[PDB]
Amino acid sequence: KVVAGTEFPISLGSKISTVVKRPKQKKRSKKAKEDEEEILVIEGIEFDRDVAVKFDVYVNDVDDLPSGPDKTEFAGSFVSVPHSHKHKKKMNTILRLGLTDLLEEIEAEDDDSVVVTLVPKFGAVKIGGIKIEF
């Protein structure tokens, strides 16, 4: 299912994808800040600590056909091992993934946005938001 950016926060009960804008400086010049890593930030990841959580993150070129064959590229994963905490039932955390090499490999360096796919593997988890920044 394709989800708008304003649909977050969301419960990640199934695989979803969303269009994420690259940083604003890239709109003017696609090689702006070329010696800095371009970082995908998944914010507000929230779940019960006693629930094992895993989801995988993929990226694809925004111009690919969603009704066409999968051209998604693995970017990273979020994992939590079940545990208890002396004063918290839940964890609220973040995942940051480097995109610079990935965008070159998928040949999306000229694009202003990308598609991010989140693939739940186990555990109930909320995703607060997604952005790309330096």
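Note that residue numbering follows the sequence shown and begins at 1.
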Item to complete: Quick one: say whether 29-37 or 87-95 has the higher mean Cα B-factor in the deposited entry.
Response: 29-37
Worksheet item: Taking the recorded C-alpha temperature factors, which stretch has the higher mean, 101-109 or 53-61?
Response: 101-109
Worksheet entry | Candidate residues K24, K121, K15, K126, the one whose C-alpha B factor the record puts highest | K24
Worksheet item: Should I45 be placed in the lowest, middle or highest third of its chain by the C-alpha B factor in the entry?
Response: middle
Response to the item:
Of the three thirds of Cα B-factor ranks in this chain, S77 occupies the lowest
